[PDB]
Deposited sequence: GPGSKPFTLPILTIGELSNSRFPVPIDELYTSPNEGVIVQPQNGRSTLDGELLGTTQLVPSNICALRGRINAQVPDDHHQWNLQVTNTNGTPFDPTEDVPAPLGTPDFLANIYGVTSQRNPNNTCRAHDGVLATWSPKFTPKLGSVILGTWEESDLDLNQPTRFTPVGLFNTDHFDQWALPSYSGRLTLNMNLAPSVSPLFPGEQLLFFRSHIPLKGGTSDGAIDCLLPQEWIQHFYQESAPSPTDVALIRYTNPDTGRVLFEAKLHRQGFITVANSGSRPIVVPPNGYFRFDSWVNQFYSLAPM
């Protein structure tokens, strides 16, 4: 067709979406005022024309994963991992990113498995914890600590599974990527509704918790598939806001409408903290470009 490539959403139902901040499926849509909180995730960040931001990368299984080599042993239950990029290349701290792509963007004791394969194909794997709140969590400097309950200088991967416990768990608190005394850099910006009566719309997952009491909520601004889609398409954004409507393809009915902002987040006309139920066959549909002053029908 003529002119600029048209903007599109992938056609995916809620059961066909992945969380972009933790490697699990989306469970539900959620809206909240998030009173008192700065919402600034670094994974799951992209503009509508496909510019990845923060620590966002494309591979779902690399989300919250770490890769590298163990150079030493701390505390015999702790190991020093010299981080590389999730794709194998060494990590250059001078790169204009907050941390290696896919690095966890929240404070937690992350339950996972540390595994190695030696050149002679002898292997080991042990479950353990990655403490992203720890003073020794310094991925931007090129190292983190892995805990276990391992061979030195062998190819190593940490596969995240969930939360070990609820201690230190704050999904909206960023890690100190270079350690506690150092500023984070090259961050994706914080996000907020800019129009009165509006709240953020999240794609929510409830991640596994080894022990304790929590809904384990991880909220992402965009599902991983949307990010992958925008990256491929790279469709220009004529205005700052795309108008999207959640549509039931069978009936043709529109359940609600939302603002998809150019910087990569969604707002809806709603109030309070609540899950938003959608039909299993329904999906978001891009209808037209509008501006920041468009007035959404209340949900």
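Q: Counting from 1 along the deposited sequence, which stretches lack C-alpha positions?
A: Residues lacking C-alpha coordinates: 75 to 76, 152 to 155.
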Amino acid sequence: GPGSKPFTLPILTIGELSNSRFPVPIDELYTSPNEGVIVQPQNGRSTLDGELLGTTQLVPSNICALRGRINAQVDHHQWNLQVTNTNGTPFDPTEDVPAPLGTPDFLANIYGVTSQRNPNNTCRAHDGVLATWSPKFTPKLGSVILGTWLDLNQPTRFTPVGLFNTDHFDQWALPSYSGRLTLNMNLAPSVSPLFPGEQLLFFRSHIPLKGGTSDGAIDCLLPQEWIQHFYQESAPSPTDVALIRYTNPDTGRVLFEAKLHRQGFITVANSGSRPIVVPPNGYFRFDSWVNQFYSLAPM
From here on, numbers count along this sequence of modelled residues.
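Q: Taking the recorded C-alpha temperature factors, which stretch has the higher mean, 139 to 147 or 103 to 111?
A: For C-alpha atoms only, the mean B-factor is higher in 139 to 147.
Q: Comparing 244 to 252 with 226 to 234, which stretch shows the greater average C-alpha B-factor in the deposited entry?
A: The deposited B-factors put 244 to 252 ahead on the C-alpha mean.
Q: Would you mind finding, among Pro189, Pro90, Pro98, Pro208, the residue with the largest C-alpha temperature factor in the entry?
A: Answer, based on the entry's C-alpha B-factors: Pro90.
Q: Quick one: which of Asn118, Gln199, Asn184, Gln171 shows the highest Cα temperature factor in the PDB entry?
A: Answer, based on the entry's C-alpha B-factors: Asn118.
Q: Would you mind checking where the Cα B-factor of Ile63 ranks among the modelled residues of its chain, as the lowest, middle or highest third?
A: Lowest third - that is where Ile63 ends up once the chain's C-alpha B-factors are sorted.
Q: Against its chain's modelled residues, does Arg262's Cα B factor rank lowest, middle or highest third?
A: Middle third.
Q: Consider only the C-alpha atoms of the modelled residues in this chain, order them by B-factor as the entry records it, and name the third containing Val39: lowest, middle or highest.
A: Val39: CA B-factor falls in the middle third of its chain.
Q: In terms of the chain's CA B-factor thirds, is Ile276 lowest, middle or highest?
A: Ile276: CA B-factor falls in the middle third of its chain.
Q: Of the three thirds of its chain by CA temperature factor, lowest, middle or highest, which one includes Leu194?
A: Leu194: CA B-factor falls in the highest third of its chain.
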